[PDB]
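Colleague: Sending over a structure as structure tokens; questions will come in a sec.
Methodologically, a virtual Cβ is constructed for each residue, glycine included, from the backbone with ideal geometry; neighbour enumeration extends over all protein chains shown. Taken together, the values in this text are just the output of simple stated rules run on the coordinates, not laboratory data.
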Amino acid sequence: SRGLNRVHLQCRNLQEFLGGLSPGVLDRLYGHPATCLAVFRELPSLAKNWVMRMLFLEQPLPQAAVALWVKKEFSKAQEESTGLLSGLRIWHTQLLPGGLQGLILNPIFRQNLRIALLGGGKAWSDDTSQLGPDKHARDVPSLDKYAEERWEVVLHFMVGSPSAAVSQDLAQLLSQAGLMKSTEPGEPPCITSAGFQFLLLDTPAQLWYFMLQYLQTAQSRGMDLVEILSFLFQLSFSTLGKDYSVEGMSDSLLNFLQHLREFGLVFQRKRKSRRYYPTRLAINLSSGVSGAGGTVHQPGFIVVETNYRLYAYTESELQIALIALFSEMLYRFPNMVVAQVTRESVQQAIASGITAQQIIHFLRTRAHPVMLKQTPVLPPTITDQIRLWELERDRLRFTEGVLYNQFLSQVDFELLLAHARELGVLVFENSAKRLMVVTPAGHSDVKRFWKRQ
Amino acid sequence: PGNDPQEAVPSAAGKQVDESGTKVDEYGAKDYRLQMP
């Protein structure tokens, strides 16, 4: 993985991003709309059952009640939830409030935990975004086309803008997460190695990371306003606000609203005001970790006979610019016979990255054609040929460094090897010829240790 | 010299074969090959 492991699982990315935030921002995060998200995104039952324990108990409990609640045949699963206890960063171990090592949760989060489960009040039904009492009365299939257009524009920036001329700043945004790579001889950015896998599963889990990308700056942006705004589209459809958000807003709320609309999770009316309605893709974000859909017959079907892998053709306007972005295949006279002489076109794209797991994922999981009709394994004997093409780019290495030669003793060269290894500037060592490669970044420090020993 | 018969009709070489410049009637029948299945 090159930057997508934290996207498949949502409960792991939220705990990692929470550890590197400001203490004043985390205080405002502990609200009533955030209580239904730190538990629903989880999966194990042990990490979810401890939330109800800290709600009824008013006094801190020691660790003796925890080591006994596992009875005798359950402490093995207790160590798995130990690392997760520090991920949410909501508990606190005291000294001895009534026994030994008393565990207590932040009372700021405990107050808002009962509002969204048992107790209530009034401010919860007054603020917008989190509520917004408004029904839907607009053509639903007419708005589904705008949800696909928001994601199609992103595809143009990954290729090089073949026919788009919008002013959306989306090329630099995806470059921070390692998805888009800036072209060195030119100026339109291309795509990285991890960007190919995003155009395969087509899951709305990646759009959740794009919303928290602007918050990573930690300058003048708060999380309490983003968390209360992201809860709008999480309630599927029939969750609006008419014009209640217009009266209660500011300059910071309008900035995050324009960026979320361009992602493909919510649709906004003209003039960037009036009534807003979330898209259809936001339903799959709260359902599971992935999803499928978009076809009813699946006309595509590959070949499992030869080795050039005849890719599928004739589908829609999505697979036309998608295969050319992978490795730029070829086409003949009829209905665009793609991938017919794959021998040199694949090696052109592998020279800029080790894109080996994305081609196999696109060859095996493209529309589920062979695994439903046929029975044996989809790839024949190409699993070894693909690995051979990746090893061809390992025959050389373009890196700089300095070499030290002509020593005197053998036991003296072994001491110098530990100097470059601890600092992290050592690449390759040789005890038979007394040779060591040192990167130029730490060249001014290795020469000092040799003059003293 | 002195040998110029007929034939000589195939022409396809290079990496950019882009065989899509003369079809006359083909784009109109592309949509009909999708709604039938």
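Colleague: Out of A:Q130, A:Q111, report the one residue that is assigned to a loop (DSSP other than H, G, I, E, B) and of a type outside the set (K, R).
Modeller: Within the list A:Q130, A:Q111, the selection yields A:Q130.
Colleague: Would you check if there is a residue in the range A:31-46 being assigned to a helix (DSSP H, G or I) and surrounded by fewer than 13 Cβ atoms within 10 Å (Cβ to Cβ)?
Modeller: Yes, the range A:31-46 contains at least one residue that is assigned to a helix (DSSP H, G or I) and surrounded by fewer than 13 Cβ atoms within 10 Å (Cβ to Cβ).
Colleague: Quick one: which residue in A:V377, A:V341, A:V370 is more than 23 Å from A:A194 (Cβ to Cβ), within 14 Å of chain B (Cβ to nearest Cβ) and among the aliphatic types (A, V, I, L, M)?
Modeller: A:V341
Colleague: From the list A:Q358, A:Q347, which one is assigned to a helix (DSSP H, G or I) and surrounded by fewer than 16 Cβ atoms within 10 Å (Cβ to Cβ)?
Modeller: A:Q347
Colleague: If you don't mind, another one. Tally up the residues in the range A:222-248 that are touching a residue at least 60 places away in the same chain (Cβ under 8 Å) and not in a helix (DSSP H, G or I), please.
Modeller: So the answer is 10.
Colleague: Please go through (1) within 14 Å of another protein chain (Cβ to nearest Cβ); (2) assigned to a helix (DSSP H, G or I) for A:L388 and return the number of the only condition it doesn't satisfy.
Modeller: (1)
Colleague: Given the criteria within 14 Å of chain B (Cβ to nearest Cβ), farther than 30 Å from B:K23 by Cα and not in a loop (DSSP other than H, G, I, E, B), does A:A324 qualify?
Modeller: no
Colleague: State all residues of chain B that are of a type in the set (D, E) and either surrounded by 10 or more Cβ atoms within 10 Å (Cβ to Cβ) or within 12 Å of another protein chain (Cβ to nearest Cβ) (or both); if no residue qualifies, say none.
Modeller: Answer for chain B, where residues must be of a type in the set (D, E) and either surrounded by 10 or more Cβ atoms within 10 Å (Cβ to Cβ) or within 12 Å of another protein chain (Cβ to nearest Cβ) (or both): B:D18, B:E19, B:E26, B:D31.
Colleague: Please work out which one of (1) closer than 30 Å to A:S86 by Cβ; (2) in contact with a helix residue (DSSP H, G or I) (Cβ under 7 Å, 6 or more places away or on another chain); (3) buried (at least 16 other Cβ atoms within 10 Å of the Cβ) is the condition A:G132 fails and give its number.
Modeller: Every condition holds for A:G132 apart from (1).
Colleague: Go through A:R271, A:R275, A:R261 for me and flag whichever is at positive phi, more than 14 Å from chain B (Cβ to nearest Cβ) and either of a type outside the set (A, V, I, L, M) or in contact with a helix residue (DSSP H, G or I) (Cβ under 8 Å, 6 or more places away or on another chain) (or both).
Modeller: A:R271 is the lone residue from the list that is at positive phi, more than 14 Å from chain B (Cβ to nearest Cβ) and either of a type outside the set (A, V, I, L, M) or in contact with a helix residue (DSSP H, G or I) (Cβ under 8 Å, 6 or more places away or on another chain) (or both).
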